[PDB]
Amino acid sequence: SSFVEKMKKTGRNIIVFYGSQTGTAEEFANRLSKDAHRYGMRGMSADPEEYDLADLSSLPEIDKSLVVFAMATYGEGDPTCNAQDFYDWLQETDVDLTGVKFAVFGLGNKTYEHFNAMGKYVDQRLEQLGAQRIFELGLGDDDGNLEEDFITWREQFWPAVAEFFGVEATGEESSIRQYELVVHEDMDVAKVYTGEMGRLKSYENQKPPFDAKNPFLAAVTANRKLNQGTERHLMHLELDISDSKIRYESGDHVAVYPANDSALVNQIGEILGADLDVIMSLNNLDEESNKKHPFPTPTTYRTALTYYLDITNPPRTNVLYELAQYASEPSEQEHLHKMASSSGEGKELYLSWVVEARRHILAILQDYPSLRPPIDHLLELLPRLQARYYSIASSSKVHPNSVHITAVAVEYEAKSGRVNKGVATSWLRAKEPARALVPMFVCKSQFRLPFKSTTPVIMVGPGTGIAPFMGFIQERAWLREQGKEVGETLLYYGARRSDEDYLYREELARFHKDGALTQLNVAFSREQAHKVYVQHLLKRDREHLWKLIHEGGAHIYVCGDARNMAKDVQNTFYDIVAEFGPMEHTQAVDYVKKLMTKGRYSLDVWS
């Protein structure tokens, strides 16, 4: 259970941990692990949450050992979910890491405020604990071209590492295919994966504790339309976690593993002219690699495409390059290569015709008829299907055995020319209580209510971003009912039209009437020529809010989009503080930002 011991038992001298939430860092970690072999070394990629990083202290036992970290940065600079434990540990510990060699590559995006905060932290932190840095901190930027940044980093990285441990490029040929196909003639039905994420049968034989690798299948006890209109579809779900031993608090997130639209799976099978019901397995050509399979096997093709692979997002340039070899028509083959190019115009065609038009693997297979790749090679080229995160909309103080979700079904007309459907939400919208089971696990956040119940709370969450706040309110109403003394509880919510998508009208009225909700400020962006947003309302309450912040010591919470809405709200607060301090804008910014570091201004960013 010690990654170090895991390394010794398989001759690995290089370990690459991935701090990832949607797979990018995971895949970079996988590619770097594979790389080690091109230099006569051996590595493995691993999820830090499945291990204890304090074990780094033992890494020096393996000669010429290296630990690499591919870390993504999320909301307010916090780490991804699978890296929180490692991150918490790095802050607690003072372990001496002399003898440890590391390298960090961080995934980020310059348009957010805390650019690669997680990557900079691990790199800086590990040096203070005494470990030795052998290659510079890579700073990838998903705003420009992340893959490109990774490549130019990696190309200097291996040479420096090879120069450090005394080896050199083996000069191997390569293999193209990292896996080979093996079809099964019989197979015991209970020896074949049917969608589980980890241990075989782990879905049928629910056995705690339940986490990311061992999700708990909760039954859907409620699923109802929340919006009055029909322009869009907003839903409220309730999953029973009774007997799961799962604990949660208001502000936490619940992640679910969805299933792709079976009609989409079918079509891909037909277009490839394949038997989606063939039970098979994909094995790593290199029998020395730690990644034996691309996903759980054996399994049918149907299962893989349904529960294990991303078939709805835009195909990566690499996929287009590989697929290219399968276009029996020259002009289509040339177009596929151009979209994979590095040329400026070649990178544009891609950005425009694939990424922005939101074309998926099936659309590409239809738009390029001469393209007929064997399904097994296709499955190896596609990325793993990721879990979708939702802000728990209930309080464990009141619903200890039920996790509530507030979500908007995703469905739009892509510029590709067809209608795209969101995976998790479509799958969730079809679950009818009649037992509909959703695989899920909980992920803690730092979006918690004040430590002391007396501290006033100011919530700003337009649209479905109100979700976590229903939790906060339930809990505050409960605290009051327990004879506790609670500070003021204000909610600033917004919607399109009151008769269209106003959420939780009744529940919100009840809380207000009962005094659990002190003020209920609602803005409607489309019910008039003039658009009204939560920040206009905050501006109208400039006196009171400033009082609660400068005197009451209120806590502020904002939920939704960070770079725009959350940005306008922050600006609005800068203005309020500048007027009532009174102080210069410059000084108002330090004051609002001091609140954040001080822990009183929390942001839960969804995008």
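One rule holds for the numbers: they count along the sequence shown, beginning at 1.
The entry models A434 and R435 with a gap of 4 to 9 deposited residues left without coordinates. Two stretches are in play, 127 to 135 and 502 to 510, and the higher mean C-alpha B-factor belongs to 502 to 510. Averaged over CA atoms, B-factors in the entry run higher in 435 to 443 than in the other of 435 to 443 and 463 to 471. Of all the options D141, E329, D85, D252, the entry's greatest CA B-factor is assigned to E329. Note on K120, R372, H536, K101: the highest value goes to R372, judged by CA B factor as recorded.
Looking at the C-alpha B-factors along this chain, the one for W427 belongs to the middle third. Compared with the other modelled residues of the chain, the Cα B-factor recorded for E76 ranks in the middle third. When all modelled residues of the chain are sorted by CA temperature factor, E551 is found within the highest third.
For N13, the recorded CA B-factor ranks within the middle third of the chain. Only modelled residues enter the ranking. The deposited CA B-factor of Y301 belongs to the middle third of values across its chain.
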